[PDB]
């Protein structure tokens, strides 16, 4: 569909087993926030985001409940047709051109995720790294698979080798 702008206002995904939920908003293709279902808090993408204009998180909770309700009904109606695991792809890229001793961020773009359950780990020189990592929500695709980005903040040194490794049922 064509348009100058696109809001995604109330994207909800629910999943069993494990009762796994996710409520997000999105504008022009970027995540505004998600609601944290344990803390019942709105969590914004950038710290500049929910200051002037807020979103009350309980509305997110309701959509989660309806979707848990809908899943059950629909699961049964399909005679229990289970989800087909997909094979996700990872692609790394820098946020700005890499220079030595220069503050940078590696960005892992992971696409064709389904179902939305996945591990995205960073490895520096084959050894796992967790210091400095941020990971987005499951972001929707038109074909109803998801994508997701991890960010590894880092100090560029020569001989430093980074890679983004993905664990999914579909591999």
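Residue numbers count along the first chain shown, from 1. For clarity, a rigid core is taken as the largest C-alpha set superposing within 1.5 Å between two forms.
J.: Fit on the core, then compare CA atoms: does 149-157 or 17-25 lie farther from this form in 5 other deposited structures of this protein?
T.: Clearly, after the core fit, the stretch farther away in 5 other deposited structures of this protein is 149-157.
J.: After fitting on the rigid core, pick out whichever of 47-55 or 138-146 shows the bigger RMS C-alpha deviation in 5 other deposited structures of this protein.
T.: Between the two stretches, 47-55 moves farther in 5 other deposited structures of this protein.
J.: Look up the CA B-factors in the entry and say which stretch, 45-53 or 24-32, has the higher mean.
T.: The entry gives the higher C-alpha B-factor average to 45-53.
J.: Regarding 161-169 and 3-11, which shows the higher C-alpha temperature factor on average in the entry?
T.: Higher of the two, by average CA B-factor, is 161-169.
J.: Going by the entry, which of 67, 111, 38, 135 has the most elevated CA B factor?
T.: Result of the comparison over 67, 111, 38, 135: 38.
J.: According to the PDB entry, is the CA B factor of residue 103 in the bottom, middle or top third of its chain, that is, lowest, middle or highest?
T.: Residue 103: CA B-factor falls in the highest third of its chain.
J.: Lowest, middle or highest third of the chain for the C-alpha temperature factor of residue 121?
T.: Answer is highest: the recorded C-alpha B-factor places it there.
J.: If you rank every modelled residue in this chain by C-alpha B factor, which third holds residue 127: lowest, middle or highest?
T.: As the PDB entry reports it, the C-alpha B-factor of residue 127 lands in the highest third of its chain.
J.: Considering every modelled residue of the chain and its Cα B-factor in the PDB entry, is residue 82 in the lowest, middle or highest third?
T.: For residue 82, the deposited C-alpha B-factor lands in the highest third.
J.: Split the chain's modelled residues into thirds by Cα B-factor; is residue 155 in the lowest, middle or highest one?
T.: It falls in the top third of the chain.
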